């Protein structure tokens, strides 16, 4: 394990995020080659092509250990950004930022993931570094700071102008795989435009630190280390995104890029510590820092089949150390696990290690009940990294497969997505064959339907998403009585029940309470729970619009029975009908899912954000300023949040991001309740 670094400052866990056909595969291939041929030159103690096969590949660049993670490019990407400490964003110079990159960039923005940009395909016709860097501002609202400029356009691409050390690194002519660059003076053709972007970089660098601002403004020139260190601080704080260029296919620009990963991307020490919750006690927060002294905690993010080893579990260790053959707890499942062989996968070999320490990524063998997203931890000090509890779905969509083969494909999609997403719920009515999926939002459901149709090729009719409304009562209704007297064939059925129905808060979140005040055996004790079950069964339905009834307290006050005719079945009918009777007379109301929306926007677009939120019946809660940006917190009904992603992006020209969580159910306004009821009665 001497090959695994314990100095986490010299470790970098990063991945490549890019649009498809942008060059992620070819860039990773070139990274792995250049890093191999430059490793232990004259220090090895003592044709070839690199393909990427492992989900995580470990390599070394200039005395730093680089753990590269294959980002799919969904819930899987959200997990990978937690496994990532930083990312390299690869763009196609012909197109700049593309619709796919927008989504991942905003998720990395949510989790404050430092990024550096590599504009690829600079050899191709139509590729432009300057146009592409514009699209980063226009569509991502990103402070993209070019740290280099291209030397040449289309076929004449030869290298890059280094804007930190003012020199040019050129690969002239047909460049061999792994061939180094020639360091030359900046060409005269580029001298002024280089000086313009040098000023832009120096101004950003000088404004970060007061000591350099006094130094820069005084006419003194900033040192390379001061410039380099300032860019790193800003990049790690997600303040700026350094931009590079090259041609991975033409073998131009890879080596400066690798330097940028070392120079400006964060180590396990630079990112904030891992925050999780105790196994139980979700509210209790547990924090695990990136040091071997802390208790062991690790997240499993990929399950794979190795051509030699069989089933392989990839894990990201955030804190502490564990050894091979030692027991750990799968905190997500509460089951014990024993770590088998431990590996760090290299480009062309499998490096076995004897223990799994903090800040590193490993492939584990002997795991039996660990799934992607599960947390492995010290048995004595247990942490769960992902939240285990989720509220019931608030939006539902209906899917009906077209053919009997689409039904079988839908059953293999609901199985693989269950493994990846525990947040979504599925139920199937075998009559009509209507699979209804519950989700956490319209976009969450929109993702699942797409993955069913593109990654699993289902052909089905998708319904329009329906908000999961509920019903409750606002008033106390007293001495509501119902009598069931059905004379079925032969012997009849009898049950009389008198209940008292009131709203019920639930101190700890309870939705229902049943109380029996029956005195003197007027209702036999054996029949009391049948009234409860009958009331609860009738609660499944609704008195107003057919939506479930919640926050009710049923008080069984009295009743009557015939010794022969009364049965558990009869007292369940009585409970059912009496609940429908009392709820109708107790001011029934409809409840709406309310969302806790938080929007981070620049000041200039903040007014346009609050105006949009007000139009969605939102209630503004806060107007904070965090990290030079303004954060608006508001409660918005989920019913009004349809299409927020596109509307926010249009109104704020792409510079604002948002997070939606469930908050509570609230009574629907009067004018909106009648619209809900009218639609439901017609459905």
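Positions refer to the first chain, counted from 1.
Residues with no coordinates between residue 73 and residue 74, taken from the deposited sequence as a class: The entry has a gap there, with 4 to 9 residues left out between residue 73 and residue 74.
Deposited residues lacking coordinates between residue 46 and residue 47 (none, 1 to 3, 4 to 9, 10 or more): Per the record, 10 or more deposited residues are absent between residue 46 and residue 47.
Mean C-alpha temperature factor, higher of 506-514 and 253-261: In the deposited entry, the stretch with the higher C-alpha B-factor mean is 506-514.
157-165 or 187-195, whichever carries the higher mean Cα B-factor: In the deposited entry, the stretch with the higher C-alpha B-factor mean is 187-195.
Member of 98, 374, 350, 179 with the greatest C-alpha B factor (per the PDB record): The C-alpha B-factor peaks, among 98, 374, 350, 179, at 98.
Deposited CA B-factor, highest of 295, 93, 391, 150: Of the options given, 391 has the highest CA B-factor in the PDB entry.
Lowest, middle or highest third - CA B-factor, residue 5: Middle third.
Entry-reported Cα temperature factor of residue 137, expressed as the chain third it lands in: According to the entry, residue 137 has a C-alpha B-factor in the chain's middle third.
Residue 616, C-alpha B-factor rank within chain (lowest, middle or highest third): Lowest third of the chain for residue 616's C-alpha B-factor.
Chain-wide C-alpha B factor ranking for residue 346, given as lowest, middle or highest third: Its C-alpha B-factor, which the entry lists for residue 346, ranks in the lowest third among residues of this chain.
Ranked against its chain, the third holding the CA B-factor of residue 492: Highest third of the chain for residue 492's C-alpha B-factor.
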